[PDB]
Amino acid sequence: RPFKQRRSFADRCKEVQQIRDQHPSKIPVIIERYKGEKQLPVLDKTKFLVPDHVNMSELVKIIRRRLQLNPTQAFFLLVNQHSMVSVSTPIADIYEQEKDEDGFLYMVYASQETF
């Protein structure tokens, strides 16, 4: 079940508030497998605390490693449906632009881009 179906909006806000206090320099990220996805396995976990200086292009490589893929297997990590592969922007900056109203930054991964 998606993260948002599992935790109320209030409980998500509280969780981000706590992460601000316990890990002030990490961006709180939710990474989830696209609903239709067939080729790629599910990640071992959903919630990621990412140091705010990490480039989005590095995050892409990190999640790919976590999936233990070959360099044959296509992988896309998307933020509000934008692929992050070429994005050298620090996650701190994407966070400020794209954070959910609950304070989490949501991402979705897939073996294809839709358009």
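In this text, rigid core is short for the largest set of C-alphas that superpose within 1.5 Å between two forms. Note that residue numbering begins at 1 and tracks the sequence as displayed.
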{"item": "Farther-lying stretch by C-alpha RMS in 8 other deposited structures of this protein, rigid core as reference, of 75-83 and 62-70", "value": "75-83"}
{"item": "In 8 other deposited structures of this protein, rigid core aligned: more displaced of 8-16 and 21-29 by C-alpha RMS", "value": "21-29"}
{"item": "79-87 versus 55-63 - greater average Cα B-factor per the deposited record", "value": "79-87"}
{"item": "Mean Cα B-factor comparison, 23-31 or 39-47, giving the higher one as deposited", "value": "39-47"}
